[PDB]
Amino acid sequence: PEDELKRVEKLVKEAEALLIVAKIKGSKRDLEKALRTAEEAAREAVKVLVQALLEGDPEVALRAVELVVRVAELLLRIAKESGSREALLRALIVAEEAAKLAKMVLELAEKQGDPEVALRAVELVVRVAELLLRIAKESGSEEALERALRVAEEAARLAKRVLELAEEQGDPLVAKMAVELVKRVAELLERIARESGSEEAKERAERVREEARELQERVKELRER
Amino acid sequence: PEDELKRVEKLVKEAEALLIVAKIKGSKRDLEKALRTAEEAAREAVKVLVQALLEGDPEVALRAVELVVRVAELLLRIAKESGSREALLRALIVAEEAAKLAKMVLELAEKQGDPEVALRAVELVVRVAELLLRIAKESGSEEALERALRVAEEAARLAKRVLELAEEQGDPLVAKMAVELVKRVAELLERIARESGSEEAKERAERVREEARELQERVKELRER
Amino acid sequence: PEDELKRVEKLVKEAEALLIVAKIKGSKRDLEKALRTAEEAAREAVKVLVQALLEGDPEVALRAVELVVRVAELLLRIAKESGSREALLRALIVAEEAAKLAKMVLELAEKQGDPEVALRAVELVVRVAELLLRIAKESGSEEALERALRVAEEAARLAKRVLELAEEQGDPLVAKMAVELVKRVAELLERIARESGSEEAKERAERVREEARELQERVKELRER
Amino acid sequence: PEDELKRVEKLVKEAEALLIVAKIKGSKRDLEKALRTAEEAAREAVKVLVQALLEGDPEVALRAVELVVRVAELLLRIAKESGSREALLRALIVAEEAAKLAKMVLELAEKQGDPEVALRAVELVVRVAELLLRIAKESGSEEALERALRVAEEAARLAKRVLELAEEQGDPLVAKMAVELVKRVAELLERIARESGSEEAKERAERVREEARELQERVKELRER
Amino acid sequence: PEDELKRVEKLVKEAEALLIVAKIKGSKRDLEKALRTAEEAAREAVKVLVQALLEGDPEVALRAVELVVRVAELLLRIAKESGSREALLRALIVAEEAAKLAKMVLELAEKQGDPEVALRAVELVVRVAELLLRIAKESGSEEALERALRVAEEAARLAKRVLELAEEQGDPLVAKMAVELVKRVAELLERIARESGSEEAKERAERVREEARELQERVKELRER
Amino acid sequence: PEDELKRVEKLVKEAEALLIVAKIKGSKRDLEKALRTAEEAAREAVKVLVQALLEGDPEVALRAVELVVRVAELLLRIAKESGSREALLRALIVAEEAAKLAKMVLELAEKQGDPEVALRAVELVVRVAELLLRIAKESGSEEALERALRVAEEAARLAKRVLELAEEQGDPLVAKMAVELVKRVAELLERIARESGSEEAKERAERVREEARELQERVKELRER
Amino acid sequence: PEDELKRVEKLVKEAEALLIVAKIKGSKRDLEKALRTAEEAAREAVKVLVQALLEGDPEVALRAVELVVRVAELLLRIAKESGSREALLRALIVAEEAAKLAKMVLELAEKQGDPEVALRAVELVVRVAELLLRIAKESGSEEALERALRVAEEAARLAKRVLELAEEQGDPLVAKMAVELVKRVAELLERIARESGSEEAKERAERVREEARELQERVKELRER
Amino acid sequence: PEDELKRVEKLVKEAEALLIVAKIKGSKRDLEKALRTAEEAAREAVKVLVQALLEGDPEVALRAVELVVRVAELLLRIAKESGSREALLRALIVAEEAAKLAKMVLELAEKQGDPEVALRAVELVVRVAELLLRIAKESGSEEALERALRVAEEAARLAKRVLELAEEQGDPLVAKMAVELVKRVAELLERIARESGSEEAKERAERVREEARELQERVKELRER
Amino acid sequence: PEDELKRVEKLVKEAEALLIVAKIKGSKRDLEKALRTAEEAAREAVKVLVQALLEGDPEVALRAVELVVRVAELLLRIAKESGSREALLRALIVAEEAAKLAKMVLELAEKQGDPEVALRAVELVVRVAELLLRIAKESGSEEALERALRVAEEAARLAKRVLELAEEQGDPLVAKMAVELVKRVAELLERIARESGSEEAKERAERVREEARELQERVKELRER
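The PDB entry annotates chain A as DHF119 filament originating from synthetic construct. The title attached to this entry in the PDB is "DHF119 filament".

Written out as structure tokens, the structure is:
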């Protein structure tokens, strides 16, 4: 609930402080206390979401996954400072964690039938795929790009899955609000080909642009009553 | 209540700011924060109205739907800026939302018997049908005009329904104040034929001008005691 | 109370402004904001009076009904400008409203026994019957004259009712101050026969001039102790 | 107690509101909610008094019967509005109820020996006999005058009964304060002969004026020590 | 205490208002609300004093009896207006009440030993005996003069009783301040012989002038150490 | 404290006003309100001092006793006007009161060791002994002269007692400032022999002039280090 | 604890009040209530200390014995007023009581090893020996001087005992802070020879001045490491 | 915020005062109070910035770093006075501190995307590199020049980093406004070769003039749409 | 915390007052209340610091030790007045106390790694060694000089210990800011040889000037990367 998230926002908020004083003072006692403090917020947030996925409260769930992403952003701002690989390699866990959790909220909407609550989740997954870029381009790491393609296709499979609800409930507009989402995916996967030059990026990006074109005026077939 | 609406007016008021600074600076970080901030106000307003439709407080309800319309006006001023289709296609949801809600207040007046409170609602629905024009003529979109005809006839069916209360309570003047409303509807539907040239607009506009003439000095039959 | 009326005088005062700028500029955005702003003052004034009819504060009540009449005068100055029938037909509601409310203050004086406070009310009702003339002669409407006769006889029934208090409390002079009021009524109803030529006006005006003559030196019978 | 009466004053206070808005709006949904709301206060007040007649707290009892009379005044202001006979005929029940209850407080004072608390009760009974006049003269009903004579003699029997306490306790002045009460009764019963011309009114009024004269300087016989 | 007396001064202060408006307007609804409002202050004042006689707070007691006398003065200004005998005969109760209470404070000083607080009480009793004159000479009533002699001797018995404390505590001056009080009593009782010509007044006035002379330089016998 | 004394100076200041208007108008309603108003200030001043003797604030105490003396001067200006013995005999109480209180401040200085604050007190006691003369010579009373000798020796015992502090603290000059005080006492007691011719005045005045000579260059024995 | 001492300071503070009003008014009802109220504080203070000697809280103990001494000072200010021997002879009990208790705190410090807390106690015992002088010189009593010598040597035995802790803990300065204490004792015992001329005072004072000289640079032998 | 900076400007403003009076009077008590007072402002300013880097308020951050530089200027004006090395060596800490902090604001702009707010920061870093010259040329110290090269290249790395935002947001002019900044850097590093003759200055200055020439009409490639 | 220090600054601030009035008036009641009041502040300050050494709040600790030094300065200004040895010998305890406490804050910085917070502590210890001079030169005492050498070497051992942190964290400048501190120590110990002529002062001062020279450009070895 609300008061349980305020503890997590506090733990997060108590960690940028330990970071900036560590950027000022150069101390490493504090990063080691910021990192270990951010990991708490990434572990105290799942304790919230897991209570809220049992109840039918997804509006609280999304306000927890939105925190877990702010921890992965945070844990990236540490690795740039320290240059370590034990903090950077923690953010790819919290980032996979917040993608494997956004899917778990989408599942909660399919039974409840809440496309506006299912679509907010897929945006969070795209914040993650757009985050792992910033980890991969900054660090130059390769194990992130392997995941950003994983997480990105893990969303294009869901925009299709969100569209199966709009078409089911006769809400033609969230479909449009989801078809245009796949455009924001296909634009992303192309960015994984431009930087990190290869063929799987261009290929997988090309598989999705057809899965965009698969989501044609098919959607327009519904509002003709 | 009052303090709960001030939070929504705040959220709205905190979004034109993010828009004008985004029109000045050209930033897209802020539209993405304005859009996502306007959607909150469109979701925090229903949380108000839904509390107020349970109570017998329609005077507060209309002060919430009047906010939800100001969000649809807002979300149109973003699409003109960005040129996106995920913001424009959000305003047609908030606009349908504020029509499907104004009807829900009219229902609350039929049991309470408040024609002055039922007639203010139908004006809000006409602000919506007059809004979707500005979306359809500006954008050139077609899925709005399909709705503006839907929402407009969804009001002419209610002006008749408001007249069934005046005639029931012996208030001959709100009937007049509603008969002349259908004239403001029929003038609107004609505008959907002038622009967006077709026959359904002219036809449906012609069905209503007869339903205006159906609402003849029928109303005058009542105040003859 | 006082500070609550200053909000209503403000709302009224903020509406002549929107009118004159609309007469200068010819804009119709402003009438639609003046009308909708005057209606507030006609609805925020009843919220005052209704609080004051519960308390024994009629001196505040009359300072509210005097505002509601200034709104009906206002809403007539709009219809002359726009030529609409949805503003003119709103003033006949506020005008009936301020007559159905002045009676409600007179009732408060009968229990308190305040003929000077009961007689000020009947003057307000005569300002209304004298107002609906200006609506009927200007517009040429007929539904006002049907009401001006209604409101006018709705006062001659009360001047008699005020006289039943003076005669009860041994205040021979307010009776005189009320008997001469019926003369101001009978002069009015004659004016509804001169213009709007008919027999009900002349008839009903003639029924009251006898009800004036019924209120003979009957009043003089009291101060002979 | 105090907080239990504030609920009843609230229920009463929540009913004049429903009445004035019903006099403004002309609605009948609200009278049917005011009447049914006043009856609550007439039933929630006996729940107070009955708790207070068991305890020796008559000062609270009189503050409850004073409410039940304000409900009978209220339920008369509805019948003048609606013109119904199911509200008017409810006020004669609450009015008999508040007379059959004032006697029940007088009984509580005879054992406690509180003439100042016994005399306040008989005033409440005279407010009732003076109320049923306003029901009988306004409505023209006859079943009230049958009760006003019943309730009025039901007080003249008690002023005598109050005098039997003053004479018992050597408080010569409350006797005077009660002997002069019977004068206020005899003046009342005469009023039931003047209006509602008959002989029982004049007769019963004449039986009491002798029972006034029976209460001669008999009272003066006591303070001669 | 202080805030509890401010409620009583308020109730008193809210009653001269109802009186002057009743002298202006001639209304009798207001006297009947002033009288019934003054009686409250005479009953809410004993609720104060009785709380303060239990505690050792006579300085608050005298500030309550001083109010109860201001109510008896008030209830005399009503009888001159109305001419009633149920208000005049209420003031002789509040006046006896404030004499039977001043004695009850004097008793509280004998145990505490406070002659300056015992002597202020006897002055209040003399304000009462000097008040009942104004009731008896104005009205011409006889039942007051029977009490003014009762209350006056009820003080001369106490000035002697106050002197038994000064002589006990070796405070020779309050004795003088009390011996000269009996002179103010004997002057009073003579006034009850001058007006209301009789022998008991002259006799009882003569019994006290010897009880003044009994209180000779007896008092001077003490300060010779 | 300061704001609490301003209430007492106000009460005093509100009493000379009532006196001068009573000397102009000759009214006795006002003396009876001035006397009873001065007694308040003599009773509200002890409430100050008693709060200040508990704290170590003698500078405030002397600013209260200086008020109580101004009330005894005041209450003498009334007795000259009225010629009463109940006001004159009140001033000898306030005058004894302000002597029995100045001693109570001197006691507070002995523990604090403040000879300059102890000597100001003895001056106040001499203002009292010099005041009772003006009461005794004006009135011709004898019970004052019995007190002026009491109060005067009640100071010569204290000038000796003040000298025991100067000699204790090695402040040779306040001793001189106190030895010369006894000269102002011995001059006073002689004045009580010149007027009011007797032997106790001359005797007691002669006992003190030796107690002056006892306070020889004894004081000079100290400053020889 | 703290809130339990505030009750004792209250009881003390409620007793100077009863004293000053008794010095003003001369009443003996109040001394008999002040004395009996001070004895409470002397008995409610031991109830505190005894709870605090069981715990290891001497900082609270000294804040209780400091109260018991303020009661012995108080009970001396009564005997000067009344002149009684049952109040004076109560202060020598509270004064012995606060010496027999200060020793009981010193014992608590020897086990805890707190010389700064042991030395504050011996100061309290010297406040007692310096108090019994003021009882003996004022009253002229002899049974106090027998105790002041008892209590004074009961401290010089403890300053030696405090020095055995400083020497044990290697805190050379509290020893100095205690050696100079014995000088404040020896100066005291000499004062018991100057006044109350005898040989035991001079003798016992001379035994201690050698026990001062016994406490030579013996103390200086320690800080030579 | 604003009121928190006014405390820091006050602390600064309270330190030039202590300096000028120390230059007048020659006192060293005041430098030791000015230095220790300037260090507060350098420590109370980071407490501001650190609160403002958490919020998105860089406009306040730059108004704090601008203070910290005014303290380093101040702490240089002390070392010229005293000639000490503990004040001069404090200014190189506050100067490094205000460079390590300006970078921390630039980081805040990269996420917000505010090139005008990122470029103001790099100017502050150049005020620092231009300050350490005045420390190095005045004092002749070498440990400053080692830092001025550190801080100067720590800016040329950021002007490039600012240009990566302009090129990202399509703001071609702030790039120009940053390319010309590197010219102000390269001119500076040359000044570190002219004075303090060496090769690293000339070398590092030459590495940057090529990094200026690297920032060619590359910038002009963008505004060709 | 802050509000807990304001109580200690109050206790201190309430003691200079008692001193100046004691220098004016010459009273010894007040020194005995100032001394005993300063000792409170020296004992209420450790209660703060001890709470703050448990938390990681050294910024509050230094604001407490800075108070305890202001008490040792205060307790020296008393001994000059009284000439006592029980106040002077209390200041050497508070002065050792504030040195044994500054070390306890330095310990808190070694675990936190805060050289700027560790160096402020050693300055406080040098304020103490510079204070005991003013005690030793003024009084001429020898037991202070034994401590000033103890406290002074107790700092030169810590400046070395502070340098072990700078060298550990790569902060070359606080080392300089600490190396120059030992110069301020060696200058001090020489002052203990100039006055108080001996060889241990010159010797120990000479041991430290070599420990200054031990802290050579050793520090310069670090910033060569």
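From this point, the narrative continues.
Attention now moves to the environment of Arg120 of chain D. Topologically, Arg120 of chain D is positioned in helix 6 (residues 115-139). In this structure the C-alpha to C-alpha distance between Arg120 of chain D and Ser82 of chain D, which are 38 residues apart in sequence, comes to 34 Å. When residues no more than four places from it in sequence are discounted, the contact partners of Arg120 of chain D are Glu59 and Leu62 of chain D together with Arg43 of chain E.

It is worth spelling out helix 4 (residues 58-82) of chain D at this point. For helix 4 of chain D, built from 25 residues, the straight-helix expectation of 36 Å at 1.5 Å per residue is met to within 8% by its first-to-last C-alpha distance of 36 Å. Just past helix 4 of chain D, the residue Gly83 of chain D takes up positive phi, approximately 80 degrees.

It is worth spelling out empty space enclosed by the protein at this point. Scanning all chains against the criterion turns up three cavities of 30 Å³ or more. As a volume, the largest cavity reaches approximately 120 Å³. Taken together, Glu116, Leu119, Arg120, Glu123 and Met177 of chain D together with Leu35, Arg36, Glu39, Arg43, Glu86 and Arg90 of chain E make up the full set of residues lining the largest cavity. Put simply, the parts of the chain that give the lining of the largest cavity at least two residues each are helix 6 of chain D together with helix 2 (31-44) of chain E. Residue classes in the lining of the largest cavity are distributed as three nonpolar, no polar and eight charged. The space that makes up the second largest cavity amounts to roughly 90 Å³. Taken together, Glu116, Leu119, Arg120, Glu123 and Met177 of chain G together with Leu35, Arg36, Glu39, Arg43, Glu86 and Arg90 of chain I form the lining of the second largest cavity. Elements with a contribution of two residues or more to the lining of the second largest cavity: helix 6 (115-139) of chain G together with helix 2 (31-44) of chain I. Residue classes in the lining of the second largest cavity are distributed as three nonpolar, no polar and eight charged.

On to the interface of chain A and chain B, then. On the chain B side, the residues contacting the 13 residues of chain A number 13 residues. Both faces considered, chain A and chain B share a buried interface measuring about 1300 Å² in area, 45% of it formed by carbon and sulfur atoms. Taken as a group, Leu173, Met177 and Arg223 of chain A account for 42% of the area that chain A buries against chain B, more than any other trio of residues on that side. Here chain A is connected to chain B by six salt bridges. In this structure, the salt-bridge partner of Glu146 of chain B is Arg223 of chain A, at a minimum N-O distance of 3.3 Å. Joining chain A to chain B, the criterion identifies six residue pairs in polar contact. Contributions of two or more residues to the side of chain A that touches chain B are made by helix 6 (115-139) and helix 8 (172-194) of chain A. It is helix 8 of chain A that provides the largest number of residues to the side of chain A that touches chain B, a total of six residues. Class assignment for the residues of the side of chain A that touches chain B results in four nonpolar, no polar and nine charged.

As a further point, take the environment of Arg85 of chain F. All names here are of chain F. Within the fold, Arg85 resides in the loop between helix 4 (58-82) and helix 5 (88-112). Given the relative accessible area of 36%, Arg85 is considered partly exposed. Taking C-alpha positions, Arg85 is 9.9 Å from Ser139, a pair spaced 54 residues apart along the chain.

A separate point is the pattern of salt bridges. Residues and elements named next belong to chain I. Overall, the coordinates contain 237 salt bridges over all chains when judged by the stated rule. For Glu4, the salt bridge identified is with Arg7, shortest N-O distance 2.6 Å. Residue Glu4 and its partner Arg7 are located together in helix 1 (residues 2-25), separated by three residues, close to a single helical turn. For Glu4, a relative accessible area of 29% corresponds to the partly exposed category. Note that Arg191 and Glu187 form a salt bridge whose closest N and O atoms lie 2.8 Å from each other.

Another point: the packing of helix 3 (residues 46-54) of chain F against helix 5 of chain F. All names here are of chain F. Two elements in contact, helix 3 and helix 5, have axes separated by 11 Å at closest approach and are oriented at 15 degrees. If you check the angle between helix 3 and helix 5, you find them roughly parallel. The two elements helix 3 and helix 5 meet at a crossing, and its hand is left-handed. Judged by residue contacts, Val46, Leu49, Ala52 and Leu53 of helix 3 engage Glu97, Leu101, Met104, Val105 and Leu108 from helix 5. Class assignment for the residues of the contact of helix 3 with helix 5 results in eight nonpolar, no polar and one charged.

Residue and element names in this part refer to chain E. Considering the arrangement of structural elements, one finds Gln51 in helix 3 (residues 46-54). Classification of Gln51 by relative accessible area gives exposed; the value is 53%. Taking C-alpha positions, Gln51 is 32 Å from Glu180, a pair spaced 129 residues apart along the chain.

Turning our attention to unusual backbone geometry. Residues and elements named next belong to chain A. A positive phi angle, near 60 degrees, is found at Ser196, a position not held by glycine. Structurally, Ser196 is set in the loop between helix 8 and helix 9 (200-214). Assessed through its relative accessible area of 30%, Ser196 is described here as partly exposed.

Residues and elements named next belong to chain A. Taken together, the side chains of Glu142, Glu143, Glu146, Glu199, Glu200 and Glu203 make up a negatively charged region of the molecular surface. Within the fold, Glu143 resides in the loop between helix 6 and helix 7 (145-169). A relative accessible area of 36% means that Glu143 is categorised as partly exposed.

Here is what the cut-offs are and how they apply
- Residues numbered from 1 in each chain as written, not as in the entry; some residues may be left out.
- Chains lettered and ligands numbered in written order.
- Heavy atoms only, no water.
- Helix = DSSP H or I, 4+ residues; strand = E, 2+ residues; numbered from the N terminus.
- Contact = heavy atoms within 4.5 Å.
- Expected span 1.5 Å × (residues − 1).
- 1 Å grid on protein atoms, 1.4 Å probe; cavity = no way out; pocket = protein on both sides within 12 Å on 5 of 7 lines; lining within 4 Å.
- Points joined across faces, edges and corners; volume = space filled by probe spheres on them.
- Nonpolar A, V, L, I, M, F, W, Y, C, P; charged D, E, K, R; others polar.
- Buried area = accessible area lost by both parts, 1.4 Å probe.
- Salt bridge = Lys/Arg side-chain N within 4 Å of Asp/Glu carboxyl O.
- Polar contact = N/O pair within 3.5 Å; in protein donor to acceptor, adjacent residues only side chain to side chain.
- Buried < 20%, exposed > 50% of the residue type's maximum accessible area, 1.4 Å probe, protein only.
- Axes fitted to C-alpha atoms, helices over the stretch in contact; angles between N-to-C directions.
- Parallel < 35°, antiparallel > 145°, perpendicular 65-115°, else oblique.
- Left-handed = near helix turned anticlockwise from the far one by under 90°.
- Patch = residues over 30% accessible without salt bridge, like charges linked within 9 Å, V, L, I, M, F, W, Y side chains within 5 Å.
- Areas by Shrake-Rupley, 256 points an atom, 1.4 Å probe, with all protein chains shown as cover.
- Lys, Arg positive; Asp, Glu negative; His and termini not counted.
- Charge placed at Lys NZ, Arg CZ, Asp CG, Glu CD.

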